[PDB]
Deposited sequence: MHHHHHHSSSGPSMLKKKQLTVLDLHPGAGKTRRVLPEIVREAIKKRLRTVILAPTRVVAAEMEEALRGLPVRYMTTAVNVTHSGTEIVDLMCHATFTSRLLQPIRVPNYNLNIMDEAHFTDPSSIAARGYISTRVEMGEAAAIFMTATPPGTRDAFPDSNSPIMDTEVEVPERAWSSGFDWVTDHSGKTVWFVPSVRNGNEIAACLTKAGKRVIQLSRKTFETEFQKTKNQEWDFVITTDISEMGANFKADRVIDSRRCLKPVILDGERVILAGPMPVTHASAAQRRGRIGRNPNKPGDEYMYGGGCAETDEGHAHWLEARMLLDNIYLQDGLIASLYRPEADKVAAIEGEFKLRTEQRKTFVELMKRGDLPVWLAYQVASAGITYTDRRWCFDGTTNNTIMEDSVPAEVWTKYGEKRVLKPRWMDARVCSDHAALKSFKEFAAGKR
């Protein structure tokens, strides 16, 4: 796997050993060959798990998620987004001879970016790489192998509060992980289960790194999660309920981002969701209930456009622009290099994404217009149909000038107000509070 000019797709089925068994073997061999190696974890939660599986091995953990260091480590471990972020900023990133990406199906924009950067360096003959995932880009197998057999059942899955007609959901006495299309949809199902006496934990991107510990430290009957739990999260569960639905961010007319759907999930996503159970070879008969079919709904998905925006602003070599990883490059229509920004605008672009916590597309619109990071006038001077509503009336903030104005961004991205926490953070941004 480790010879240069080589990208390997490690596609063992879920539970097959990739992180606890294969990754330490690869790391020990890379240390022997003095290969300067990066290990890319999708989340800080998986980083901490990797430290457990890599225990003792000389690895520099470039994350505050891991409580360990000598300084004489030639293997680095950092998060997907940390790797891409460091490539975008002045900070120098080593020319790694070996690039290991765990959970390499992760569809976050900075993970697609990182896959494109890494496969380009391999195609240039400069590095080797190993992508680890049960579900490579392109799978159409939503029912891969498991450590023990799974009962698969197609069945109507409620997506709103229900009274009767779904007794199988609440009659269950084990532990269920339930994948929902959105945080808001998860809230409504959570409330319904809680009112039926169930102990519910809710997981989403903004909360995952914090609430996941509750699945270890508390009693629970249901985990209600968005697709963030497709990327390494593991549970001592015996049932998965899969609405088989997701929201799809879509750029309309190059001018706005909407959250289309809910619509079918990909096969990869369905397999990753089912893959949370049937993992214990000593406990056959875990259940997978799925409430819809799969489709290739990553085509047109804004995350691949945003991935091009990131990769267009990472230096490779004179002029050159890294392609996306070939099997996912078709998921977006874009002119390579069309998003490259000059030195100062790239800086604003990065600060908008990092400190500003804005979606990539929105950060790009603001930065390529020449707006400096702290200048929030664009949040108020959009067209009337860009008004953001809070509780059925136009949302309002006090500007940094002390003036109460309606939230009306010049570029509208539905992800900044898709749930309450998202709207709260965007209101503080528009107020100049970060």
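In this chain, the deposited residues that lack C-alpha positions fall in the ranges 1-13, 82.
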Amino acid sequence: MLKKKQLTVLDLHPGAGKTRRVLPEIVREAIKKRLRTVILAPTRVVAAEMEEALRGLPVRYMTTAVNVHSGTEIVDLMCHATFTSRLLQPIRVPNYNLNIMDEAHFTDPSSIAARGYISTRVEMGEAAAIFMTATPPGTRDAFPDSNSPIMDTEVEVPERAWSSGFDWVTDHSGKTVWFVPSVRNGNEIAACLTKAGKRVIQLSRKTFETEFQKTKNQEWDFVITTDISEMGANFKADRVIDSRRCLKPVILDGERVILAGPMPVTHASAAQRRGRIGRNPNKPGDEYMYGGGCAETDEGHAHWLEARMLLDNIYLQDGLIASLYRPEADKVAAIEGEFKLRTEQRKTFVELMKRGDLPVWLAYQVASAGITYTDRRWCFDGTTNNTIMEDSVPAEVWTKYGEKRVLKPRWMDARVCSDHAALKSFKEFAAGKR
From here on, numbers count along this sequence of modelled residues.
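Definition used throughout: the rigid core is the maximal C-alpha set that superposes within 1.5 Å between two forms.
Put simply, when the other structures in 8 other deposited structures of this protein are lined up on the rigid core, the C-alpha atoms of 336-344 lie farther off than those of the other stretch, from 153-161 and 336-344. When 311-319 is weighed against 222-230, 311-319 comes out higher, by mean CA B-factor as recorded in the entry. Mean CA B-factor, 277-285 versus 175-183: the higher value falls on 277-285. Within the group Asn99, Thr343, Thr215, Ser243, the record's highest C-alpha temperature factor is found at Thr343. Note on the listed residues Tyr373, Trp378, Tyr401, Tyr61: the highest Cα temperature factor in the record is that of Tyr61. In the deposited entry, the Cα temperature factor of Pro327 sits in the bottom third of values across the chain's modelled residues.
Among all modelled residues in this chain, the alpha-carbon of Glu209 has a temperature factor (C-alpha) in the highest third. In the PDB entry, a CA B factor belonging to the middle third of its chain's modelled residues is recorded for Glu103.
Ranked against the other modelled residues of its chain, the C-alpha B-factor of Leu252 as given in the entry falls in the highest third. Sort the modelled residues of the chain by CA B factor and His13 lands in the highest third.
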